[PDB]
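Inspection log for the structure reproduced underneath, given as structure tokens.
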Amino acid sequence: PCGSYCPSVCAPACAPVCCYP
């Protein structure tokens, strides 16, 4: 999972499209 940078329901990339809307 991410910790802080992304929603880790999108895991396990923690991805710039799930992170930054």
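Each chain in the structure tokens gets a letter, A, B and so on, in the order shown; residues start at 1 in every chain, and ligands are counted from 1 in the order they appear.
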List the spatial neighbours of residue A:19 as a ChimeraX atom specification - criterion: any atom at most 8 Å away, only C-alpha atoms, same-chain residues fewer than 5 positions off excluded. /A:5-7,14
Alpha helix (DSSP H) positions in chain A, given as JSON, numbers by chain: {"A": [16, 17, 18, 19]}
Using C-alpha atoms, can you write the selected residues to a file as a tab-separated table (two decimals), in the first residue's frame?
```tsv
chain	number	residue	atom	x	y	z
A	16	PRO	CA	-0.58	9.17	-10.45
A	17	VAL	CA	-4.12	8.73	-12.03
A	18	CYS	CA	-5.62	7.45	-8.66
A	19	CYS	CA	-3.42	10.00	-6.66
```
